[PDB]
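Asks: Chains as they are written, first to last, in PDB author numbering: chain A, 37 to 134; chain E, 40 to 134; chain D, 29 to 121; chain H, 29 to 121; chain C, 12 to 118; chain G, 12 to 118; chain V, 765 to 771; chain F, 17 to 102; chain B, 19 to 101.
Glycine is no exception: its CB is placed at the ideal position from the N, C-alpha and C atoms.
Below is one structure. I have some questions about it.
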Amino acid sequence: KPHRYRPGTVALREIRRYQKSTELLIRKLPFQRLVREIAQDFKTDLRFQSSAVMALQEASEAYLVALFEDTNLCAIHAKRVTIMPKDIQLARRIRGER
Amino acid sequence: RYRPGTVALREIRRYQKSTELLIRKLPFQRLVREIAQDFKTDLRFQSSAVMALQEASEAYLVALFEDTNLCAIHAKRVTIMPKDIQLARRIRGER
Amino acid sequence: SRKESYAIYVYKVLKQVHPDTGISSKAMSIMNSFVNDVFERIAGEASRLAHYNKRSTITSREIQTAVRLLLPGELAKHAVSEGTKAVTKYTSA
Amino acid sequence: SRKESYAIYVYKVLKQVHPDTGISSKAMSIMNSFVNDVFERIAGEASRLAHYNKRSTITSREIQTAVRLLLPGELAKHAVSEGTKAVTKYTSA
Amino acid sequence: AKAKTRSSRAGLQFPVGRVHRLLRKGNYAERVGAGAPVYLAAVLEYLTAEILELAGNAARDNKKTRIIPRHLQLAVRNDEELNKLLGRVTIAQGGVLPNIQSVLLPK
Amino acid sequence: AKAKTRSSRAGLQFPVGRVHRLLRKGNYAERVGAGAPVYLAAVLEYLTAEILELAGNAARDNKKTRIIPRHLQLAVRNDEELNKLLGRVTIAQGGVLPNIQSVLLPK
Amino acid sequence: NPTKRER
Amino acid sequence: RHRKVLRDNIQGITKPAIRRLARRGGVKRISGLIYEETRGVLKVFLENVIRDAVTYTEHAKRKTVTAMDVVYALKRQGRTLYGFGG
Amino acid sequence: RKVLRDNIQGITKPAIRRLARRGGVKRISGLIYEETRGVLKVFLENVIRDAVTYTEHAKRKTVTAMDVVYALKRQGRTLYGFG
DNA sequence: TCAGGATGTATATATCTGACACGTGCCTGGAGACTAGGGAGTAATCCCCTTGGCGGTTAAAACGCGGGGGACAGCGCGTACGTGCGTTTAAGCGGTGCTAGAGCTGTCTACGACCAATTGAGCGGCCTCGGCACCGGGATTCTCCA
DNA sequence: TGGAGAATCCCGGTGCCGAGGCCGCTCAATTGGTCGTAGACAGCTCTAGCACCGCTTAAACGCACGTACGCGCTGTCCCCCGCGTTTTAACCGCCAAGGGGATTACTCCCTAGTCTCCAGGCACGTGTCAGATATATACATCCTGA
């Protein structure tokens with residue numbers, strides 16, 4: 037019989053793996069293209085240093101990790117294990133972004 | 040006799056329409072003196088400083104209760120609990 | 029000693045926007061505190077802006093950029109429009 | 029052109045603490061940024077303290093009060109003790 | 012020889028000279044531009060007029076002729092941009108906006 | 012007479028003269044006291060020493076003799092007072108502390 | 765553009 | 017010559033006062049354990065504000081805590097208050 | 019048969035899942051991705067807005083890391099390791 | 001669903017006061033005018049840091065509908081919170097007395113600013129190796145159908 | 001409960017490139033003065049914060065009672081866990097352009113500084129009418145009954 041794990045063990049292993057690792061999780065080039073497209077709406081023909089994009093990616097990843105932590109706390113408080121968009125909305129509202 | 044809840048909403052409307060202080064002045068002043076005793080002895084306080092402290096405390100408490108009510112409603116309940124306050128303060132970054 | 033405040037200026041602005049509207053002492057103090065806070069914020073923003081550019085003079089452009097950074101959207105646009113009009117009419121006479 | 033940094037000072041402090049430990053370049057830049065941030069925070073708080081007291085000179089008392097206000101508890105106590113020792117020994121010499 | 016206020020030159024209400032003195036004595040930089048006080052006075056005057064218009068409208072909506080802190084709080088919180096500008100500011104004698112959750116209502 | 016650094020006079024590693032110049036040209040006040048740079052340098056050296064010893068302990072606890080930003084994050088987030096001091100600061104390449112909620116653990 | 769406050 | 021030591025005035029924040037504050041915030045139903053946690057949070061908040069206020073008082077060589085010190089402490093804590101000066 | 023592959027979808031399901039796992043999330047709903055993309059877009063819009071304003075103030079056309087760091091600090095998100 | 005009783009809430013009127021609008025002296029802060037120096041604008045130059053196929057991999061980017069545990073709705077319960085009422089407690093006002101300390105004012109001495117001369121410590125450029133990244137291999141440890 | 005199977009840690013070998021040390025070369029740190037002034041200190045004034053008492057009365061308190069909502073339990077179901085490999089399916093290394101960020105040199109006119117002079121707002125009285133308070137009354141809404 038095939039040996040396929042119960043749901044949840046792989047999730048915990050992945051959580052441990054990426055909580056022990058400290059490298060970027062977002063593809064560099066798509067994020068750079070998104071940054072350039074967003075900046076195009078402000079000023080045309082703008083140049084970006086590599087270090088600026090790196091700092092942008094670091095800040096975005098840190099903010100996303102914090103937001104997901106708050107969302108997980110809200111989901112646990114809601115007697116659930118699966119995060120929902122309303123959890124993110126509640127976290128942002130309590131923070132003060134909405 | 041009114042059904043439970045109607046007086047609650049009536050008081051909610053009454054206090055949301057009014058702006059006067061909701062905390063007794065003398066007990067709050069005594070609490071402020073007790074708290075200040077832990078830092079410096081024989082401290083004197085102006086009335087305006089006490090009023091400003093009370094106003095700030097009331098505003099912060101109202102905001103905290105609003106967040107607690109939002110968290111309680113998120114849990115499909117209508118009764119606030121200390122866990123809701125703890126969650127609100129944790130999300131705020133105060134703990 | 030004498031106390032400096034913006035009470036009469038706020039009163040004149042209120043009369044210009046509402047001739048038949050009064051103002052309370054507490055509201056006057058609140059308005060003065062708000063004006064002082066905005067003044068402090070804009071001055072600090074301009075000072076920091078000049079400092080980052082190795083510049084030791086706050087010009088109209090620093091105040092403009094501070095207004096853009098601090099005031100959100102339409103507030104900043106109207107503020108920069110009014111400031112540009114005021115400085116232009118001032119330097120034209 | 030010459031660029032200011034705190035590299036040698038942090039390296040010497042670590043050598044005094046850990047004689048057999050090195051620092052990566054990224055961590056070293058993080059150290060420099062942290063030192064600059066703390067410098068800016070303390071200097072700004074001291075300037076605010078001097079402005080509030082209608083003072084035009086930043087003395088040891090203002091910096092000490094800034095340290096007490098910004099550093100929590102034991103950190104503030106130990107920083108005050110170390111700074112007081114340093115200033116006393118400097119005045120003696 | 013005839014003196015004339017700088018505010019009249021720029022048609023402003025807040026005093027250009029006082030703003031210039033505050034900028035000079037605020038320990039911001041070694042020097043300050045000539046048009047910066049005028050620009051700051053214009054921005055402050057616009058903000059004051061904008062907030063006071065809404066405050067007066069709120070006071071008139073309550074059958075009152077003298078603006079009270081409650082009207083100021085209502086005007087600030089009812090404006091989205093102003094609410095963002097003063098999102099960390101609390102007003103004495105201002106209270107809170109009337110807001111009751113839908114789920115709390117009976118049905 | 013030979014010149015002696017003010018840092019040597021106070022027995023400090025940080026440069027008293029450099030921080031004094033930074034305070035003078037930072038547009039903070041019109042005048043600067045003599046002992047304020049020394050006190051500030053002492054405080055900065057104490058904070059740097061605290062962070063460096065914590066980072067060294069973190070590196071030694073991972074069989075590493077080189078300080079990396081991961082050790083910085085570990086050291087800062089493991090100290091309650093320092094975490095409170097740097098609760099609004101993000102460390103590049105610092106990572107996240109291993110933290111799995113009890114409810115998420117298998118039961 | 766000017767004098768067009770959304771409010 | 018009377019050094020009065022005050023204690024147990026944290027109970028001076030009566031349950032009806034907390035209920036009124038919750039009503040102003042829109043709370044409809046209140047558990048019995050809310051009051052103690054609210055009192056604890058309130059005490060922590062005033063401890064944090066008053067520590068800075070007294071520090072400012074000592075710095076200015078004053079024995080009386082003024083409203084300006086409270087406003088400065090609140091602003092330093094990101095809680096700027098309008099209607100008392102500054 | 020193609021308007022199928024796109025750019026704004028570049029923040030893929032694996033990337034958002036990895037970020038959530040690093041954040042401690044164990045199970046993720048399918049609707050999380052769009053909301054996360056919107057929140058990231060808003061955050062990036064604000065930061066880039068401030069950065070471009072700083073760049074325009076400095077008479078420059080190239081956005082440096084200094085501008086991004088200064089914008090983050092102005093937004094209460096001070097970042098270490100870039101200057 | 002519709003209707004009456006009881007309740008609170010919105011509305012109109014009087015009068016009555018104290019907080020707001022107004023007027024006034026003056027003095028100190030604002031306005032005029034001249035000077036000088038340095039910081040900002042402008043011009044020219046260097047070169048360092050940002051963007052696309054013959055003569056291209058190969059693994060993310062997204063196909064194939066077979067498929068378990070948590071989200072969700074419903075239901076019963078019993079305790080706990082809301083609501084009302086008599087008592088009692090303490091908050092609030094005002095009145096008096098007094099003093100520690102906030103606030104203002106005059107010296108004048110020590111402390112910092114500023115300039116000139118001097119020099120050594122930190123910064124730019126350039127090796128040089130070893131701690132750390134990668135990998136391969138095996139022992140150890142975690143998970144799962146019995 | 002226990003080995004099969006897969007994931008992880010450790011042991012050891014090998015190659016790499018970034019930190020540590022070295023060596024100029026400034027220019028900012030140090031020292032020695034001279035000179036202006038900031039507030040330390042002493043003295044005086046006089047304001048309100050403290051303490052206490054007495055009266056009035058509204059709110060906290062304890063208790064009784066009723067009902068409704070959090071919680072535990074049970075049953076249904078769905079979606080995105082999952083591996084199982086296309087039709088045509090993101091990083092490297094390259095080489096190359098060139099433009100703007102950085103640097104250097106002149107120059108000019110804008111503002112700090114100083115002196116003089118004058119009137120605008122700030123403290124201080126002084127009236128007065130808009131909301132506070134009180135009462136009386138009409139209307140909206142909940143509760144209960146049918």
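Closest to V30(G) by CA distance: which of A55(H), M59(H), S57(H) and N64(H) is it?
Replies: The sequence position of residue 30(G) within the sixth sequence is 19, counting from 1. Shortest Cα-Cα distance from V30(G) to any of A55(H), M59(H), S57(H) and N64(H) involves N64(H).
Asks: At 9 angstroms on the CB atoms, spell out the chain C contacts of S86(E), in chain order.
Replies: Position 47 of the second sequence, counted from the first residue, corresponds to residue 86(E). None at all; the shortest Cβ gap to chain C is about 14 angstroms.
Asks: Tell me which residues share the same chain as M56(D) and place their Cβ nearer than 7 angstroms to its Cβ, disregarding the 5 neighbours each side in the sequence.
Replies: As a first step, residue 56(D) must be located in the third sequence, where it is residue number 28. Only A35 and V38 meet the Cβ criterion.
Asks: Quick one: Cα of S57(E) to Cα of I79(C), how far?
Replies: Against the second sequence, residue 57(E) aligns to sequence position 18. Against the fifth sequence, residue 79(C) aligns to sequence position 68. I79(C) has its alpha-carbon roughly 13 angstroms from the corresponding atom of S57(E).
Asks: Taking the alpha helix (DSSP H) that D72(G) falls in, what are its first and last residues?
Replies: Locating residue 72(G) in the sixth sequence gives position 61, counting from the first residue. Element bounds for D72(G): n/a, residue is neither H nor E.
Asks: At 4 residues or longer, what runs of the alpha helix (DSSP H) sit wholly inside the stretch 21-70 of chain C?
Replies: 27-35
Asks: For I29(B), which residues from the same chain have a beta carbon less than 6 angstroms from its beta carbon, with the 5 sequence-adjacent residues on both sides left out?
Replies: Translated into the one-based positions of the ninth sequence, residue 29(B) becomes position 11. Result list for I29(B): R55, in chain order.
Asks: Based on the DSSP output, what are the partners of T73(B) in its beta bridges?
Replies: Taking the first residue of the ninth sequence as 1, we reach residue 73(B) at position 55. DSSP output for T73(B) lists no bridge partner at all.
Asks: Residues of the stretch 60-79 of chain D with a CB closer than 8 angstroms to any CB of chain F: list them in chain order, please.
Replies: Those would be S61, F62, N64 and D65, in chain order.
Asks: How about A83(F) and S96(E): are their beta carbons less than 8 angstroms apart?
Replies: Reading the eighth sequence from its first residue, position 67 is the one you call residue 83(F). Reading the second sequence from its first residue, position 57 is the one you call residue 96(E). In this structure, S96(E) does not lie closer than 8 angstroms to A83(F) by Cβ.
Asks: Is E94(E) near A103(C), with beta carbons less than 8 angstroms apart?
Replies: Along the second sequence, read from residue 1 onward, the residue named residue 94(E) stands at position 55. Along the fifth sequence, read from residue 1 onward, the residue named residue 103(C) stands at position 92. Yes, they are a contact pair.
Asks: Using a threshold of 8 angstroms, state whether the C-beta atoms of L62(F) and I62(E) are closer than that.
Replies: Residue numbering aside, residue 62(F) sits at position 46 when the eighth sequence is read from its first letter. Residue numbering aside, residue 62(E) sits at position 23 when the second sequence is read from its first letter. Cβ distance not < 8 angstroms, so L62(F) and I62(E) don't count as in contact.
Asks: Just to make sure I have the definition right: I need the residues of chain A whose C-beta is within less than 7 angstroms of the C-beta of residue 9(E). Which are they?
Replies: A query on residue 9(E) cannot be resolved here, the shown segment of chain E reaching from 40 to 134 and no further.
Asks: Residues of chain E with CB closer than 9 angstroms to the CB of residue 2(C), please, in chain order.
Replies: Nothing in the structure corresponds to residue 2(C), since chain C is present only between 12 and 118.
Asks: How far does the alpha helix (DSSP H) with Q68(E) in it reach, from first residue to last?
Replies: As a first step, residue 68(E) must be located in the second sequence, where it is residue number 29. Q68(E) -> alpha helix (DSSP H) spans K64 to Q76.
Asks: Let me check one thing: in DSSP terms, what residues is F84(E) bridge-paired to?
Replies: On the second sequence, position 45 is the one that residue 84(E) refers to. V81(F), per the DSSP bridge assignment.
Asks: Closer than 7 angstroms by beta-carbon distance: list the chain H residues that pair up with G94(B), in chain order.
Replies: Here residue 94(B) refers to the residue found at position 76 of the ninth sequence. Here the premise fails: no neighbours, minimum Cβ distance about 13 angstroms.
Asks: Would the beta-carbon of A114(D) fall within 8 angstroms of that of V49(C)?
Replies: In the third sequence, residue 114(D) corresponds to position 86, counting from 1. In the fifth sequence, residue 49(C) corresponds to position 38, counting from 1. Yes, Cβ-Cβ distance for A114(D) and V49(C) is below 8 angstroms.
Asks: Taking 8 angstroms as the cut-off, decide whether the C-beta atoms of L34(G) and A47(G) are in contact.
Replies: Here residue 34(G) corresponds to residue number 23 of the sixth sequence, with the count starting at 1. Here residue 47(G) corresponds to residue number 36 of the sixth sequence, with the count starting at 1. Yes, these two residues count as a Cβ contact at 8 angstroms.
Asks: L103(A) to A38(B), Cα distance in whole Å?
Replies: The residue labelled residue 103(A) in the question sits at position 67 within the first sequence. The residue labelled residue 38(B) in the question sits at position 20 within the ninth sequence. Approximately 9 angstroms, taken between the alpha carbons.
Asks: For the stretch 73-104 of chain A, which residues have a CB atom closer than 9 angstroms to at least one CB atom of chain E, in sequence order?
Replies: none
Asks: In terms of alpha-carbon separation, which member of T76(G), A45(G) and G106(G) lies closest to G50(H)?
Replies: Position 22 of the fourth sequence, counting from 1, holds the residue named residue 50(H). The shortest C-alpha to C-alpha distance from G50(H) to any of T76(G), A45(G) and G106(G) is the one to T76(G).
Asks: With DSSP collapsed to three states, give me the class of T118(E).
Replies: Along the second sequence, read from residue 1 onward, the residue named residue 118(E) stands at position 79. Residue state for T118(E) is assigned as strand, using DSSP reduced to three classes.
Asks: For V107(G), return the contacting residues in chain H, with the cut-off set at a CB-CB distance below 9 angstroms.
Replies: Residue numbering aside, residue 107(G) sits at position 96 when the sixth sequence is read from its first letter. In chain order: nothing, as chain H lies at least about 16 angstroms away.
Asks: Assuming the contact rule is C-beta atoms closer than 8 angstroms, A45(C) and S18(C) should be a hit. Round their C-beta distance to whole Å, please.
Replies: By 1-based counting over the fifth sequence, the position of residue 45(C) is 34. By 1-based counting over the fifth sequence, the position of residue 18(C) is 7. With 8 angstroms as the limit, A45(C) and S18(C) do not qualify as a contact, their Cβ atoms being about 14 angstroms apart.
Asks: Quick check on the burial criterion: 16 or more other C-beta atoms within 10 angstroms. Buried or exposed for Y41(A)?
Replies: On the first sequence, residue 41(A) is found 5 positions in, with the first residue counted as 1. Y41(A) comes out exposed.
Asks: Give the straight-line distance between the Cα atoms of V95(H) and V70(F), rounded to the nearest whole angstrom.
Replies: Numbered from 1 along the fourth sequence, position 67 holds the residue referred to as residue 95(H). Numbered from 1 along the eighth sequence, position 54 holds the residue referred to as residue 70(F). About 15 angstroms.
Asks: If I34(F) sits next to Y51(F), beta carbons under 8 angstroms apart, how far is it from one beta carbon to the other, in whole angstroms?
Replies: As a position in the eighth sequence, residue 34(F) is number 18, starting the count at 1. As a position in the eighth sequence, residue 51(F) is number 35, starting the count at 1. Yes, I34(F) and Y51(F) are in contact; Cβ-Cβ is about 5 angstroms, under 8 angstroms.
Asks: Return helix, strand or coil for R131(A), following the three-state DSSP convention.
Replies: Taking the first residue of the first sequence as position 1, residue 131(A) is located at position 95. Secondary structure at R131(A): helix, using DSSP grouped into helix, strand and coil.
Asks: Since I believe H18(F) is in contact with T93(H) (beta carbons under 8 angstroms), could you give me their beta-carbon distance rounded to a whole number of angstroms?
Replies: Taking the first residue of the fourth sequence as 1, we reach residue 93(H) at position 65. Taking the first residue of the eighth sequence as 1, we reach residue 18(F) at position 2. Cβ atoms of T93(H) and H18(F) stay farther apart than 8 angstroms, at about 31 angstroms.
Asks: Is there a Cβ of chain B sitting closer than 8 angstroms to that of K54(H), yes or no?
Replies: Counting from one through the fourth sequence, the residue named residue 54(H) turns up at place 26. Yes - at least one Cβ of chain B is within 8 angstroms of the one on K54(H).
Asks: Examine the Cβ distances between the stretch 85-94 of chain C and the stretch 52-66 of chain C and report whether three or more of them are shorter than 8 angstroms.
Replies: yes
Asks: Please compile the residues from chain B whose C-beta is within a distance smaller than 9 angstroms of the C-beta of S57(H).
Replies: Counting from 1 along the fourth sequence, the entry for residue 57(H) is found at position 29. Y98, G99, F100 and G101, listed in chain order.
Asks: Would you call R89(H) buried or exposed, if buried means 16 or more other Cβ atoms sit within 10 Å of its Cβ?
Replies: Here residue 89(H) refers to the residue found at position 61 when the fourth sequence is read from its first residue. That one is buried.
Asks: Taking the CB atoms as reference points, tell me whether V27(C) and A107(D) lie closer together than 8 angstroms.
Replies: Taking the fifth sequence and counting its residues from 1, the one referred to as residue 27(C) is at position 16. Taking the third sequence and counting its residues from 1, the one referred to as residue 107(D) is at position 79. Contact: no.
Asks: If the cut is a Cβ gap below 7 angstroms, which residues of chain B does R96(D) touch?
Replies: Here residue 96(D) refers to the residue found at position 68 when the third sequence is read from its first residue. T71, listed in chain order.
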